[PDB]
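Given as structure tokens, the chain that follows is alone and in the form deposited in one PDB entry.
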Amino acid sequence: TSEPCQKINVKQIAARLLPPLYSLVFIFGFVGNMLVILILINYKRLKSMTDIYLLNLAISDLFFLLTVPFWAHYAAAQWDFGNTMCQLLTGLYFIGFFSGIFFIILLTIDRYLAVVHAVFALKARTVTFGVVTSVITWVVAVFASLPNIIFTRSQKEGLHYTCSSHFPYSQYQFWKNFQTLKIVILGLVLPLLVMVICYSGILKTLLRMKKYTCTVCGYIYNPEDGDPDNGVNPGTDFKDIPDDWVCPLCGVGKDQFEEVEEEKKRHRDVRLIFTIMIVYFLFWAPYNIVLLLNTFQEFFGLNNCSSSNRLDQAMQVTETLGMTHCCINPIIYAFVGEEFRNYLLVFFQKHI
């Protein structure tokens, strides 16, 4: 009677599953992000605001990764590292976390500016400003992580040692809400808002009439002013040109025309930033949602032993999913980015 509510199964299962998984994550993630950092510094050489944010984003994953072996051991045994190591690692973890989403947001805005406000982005997308922005962003990520550090302590809980947050019981539900909202607003609402705003500005610009160029002679078809002396009314989409039409200079068919470099590069640069952002929401939105359910479990009537145990299973599964994300971004670069896969090939050629 009046005993704590046991999640004895959930714990014991977690102790077997998580350590190898986190180990695999730490393996793939470390070599993946180290590779990314090596390529950005030595092969792409950091020449733009984008390379700077991609660099910092990889650094963000490494802060996260450095803590993973410890969480892996914690799951496998208990908290053997003492309190100061508990507060430190919790700090690194949330710094990794917040800086992670902040640079994804900065990537999104940096590309937004390039596509929608091209003229303003001239002096604004200076590498200089990329750097100061990154510095400020790290500072902020740290202040955002401070409360989590201070609320977190190692303690002996009967037989086992833990590393956990505790909130003062006098303002218990206040702090729970504060901490949960801080994670959910910054980790979910804010980047959704950015995504929505930015991608309506970008899709707008993106589906405007695209310029094409002849592969043989290099003639450029500008949709804005068509081609009058050969019967093509200005403002005609290249698709809307009669098929019997040929290149005014060399006379090849539309079959030998491609999109101009600046247009395909733009399509590529938008595909990258989009994939990163939504893959982020794939791996982390479940955790945020379950975090909301737990914090207001009394509101949903989930605050009993049996219900909260199912809630706890969900929480651990989705937290773990989120944890695996710190190895996903290099994988994305390998299957989405043409720049990375090629530089990776040169990386191996340089090994021979």
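Note that residue numbering begins at 1 and tracks the sequence as displayed. The term rigid core refers to the maximal set of C-alpha atoms that superpose within 1.5 Å between the two forms.
The discussion below concerns the form deposited in another entry, not included here.
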*asked:* Would residue 37 count as moving between the shown form and the other one, using a Cα shift of 2 angstroms or more after superposing the core as the test?
replied: no
*asked:* Aligning on the core only, does the CA of residue 112 end up 2 angstroms or more away between the shown form and the other one?
replied: no
*Core-aligned C-alpha movement of residue 138 between the shown form and the other one, 2 Å or more*: no
